[PDB]
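Working notes, structure below.
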Amino acid sequence: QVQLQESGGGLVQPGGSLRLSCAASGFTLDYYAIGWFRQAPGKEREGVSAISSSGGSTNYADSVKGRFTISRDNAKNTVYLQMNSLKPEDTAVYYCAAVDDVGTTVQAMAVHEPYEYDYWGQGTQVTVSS
């Protein structure tokens with residue numbers, strides 16, 4: 001069984017900050033790798049930030065490096081995404097998804113490998129406006 005829930009998205013002013021939560025059930029996050037994904041109306045998905053089976057290393061987009069920060073909690077079974085220095089262009093619905101990293105072959109140092117997620121989710125709405 002696999003289920004996930006995105007939370008913590010809302011309205012915020014430009015120059016503000018936000019804190020998202022990707023909670024999970026039926027599986028334990030320690031054995032998986034989790035990524036956060038944007039979606040605007042009719043647009044493709046942006047890979048924002050991600051965390052592997054090893055909590056000591058993480059991925060980030062060049063548009064968010066130095067203002068976004070990801071971390072996980074294996075007692076809460078949740079991945080948290082902090083964001084800061086927010087612009088109107090950051091407005092989107094934020095989704096999350098997992099991959100069975102303690103089971104797949106070697107993950108590259110990138111978010112554009114031929115393997116993909118496609119797990120369950122609901123998304124959480126983020127708007128940046130004064």
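What follows is calculated from the coordinates using simple rules that are stated; it is not laboratory data. Cβ coordinates were reconstructed from backbone atoms using ideal geometry, including for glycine residues, and neighbour counts include every protein chain displayed.
Here are some notes:
- Exposed-site-free run, longest, the chain (rule: GluC sites (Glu not before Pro); DSSP loop; at most 15 other C-beta within 10 Å): 45-115
- At q = 0.09, 0.15, 0.21, 0.23 Å⁻¹ the log10 of I(q)/I(0) for the chain amounts to -0.24, -0.67, -1.30, -1.53, computed by Debye summation with a single uniform scatterer per C-alpha, solvent ignored.
- Residue exposure proxy: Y119, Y95, ordered by other Cβ atoms within 10 angstrom of their Cβ from fewest to most, comes out as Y119, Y95.
- Count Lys and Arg as plus one, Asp and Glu as minus one, and take only other residues whose Cβ is under 15 Å from that of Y31; the net charge is then -3.
- Ranked list, fewest to most other Cβ atoms within 10 Å of each Cβ, for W120, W36: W120, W36
- Candidate cross-link partners of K76 among the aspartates and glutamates, defined by an alpha-carbon separation under 17 Å and a same-chain spacing of 8 or more, comprise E6, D30.
- Per-residue Cβ neighbour rank within 10 angstrom, fewest leading, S54, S63: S54, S63
- Backbone HN-Hα couplings from phi across region 69-78 [Karplus 6.51/-1.76/1.60, Hz, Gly and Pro as x]: 8, 9, 7, 10, 9, 7, 7, 7, 6, 9
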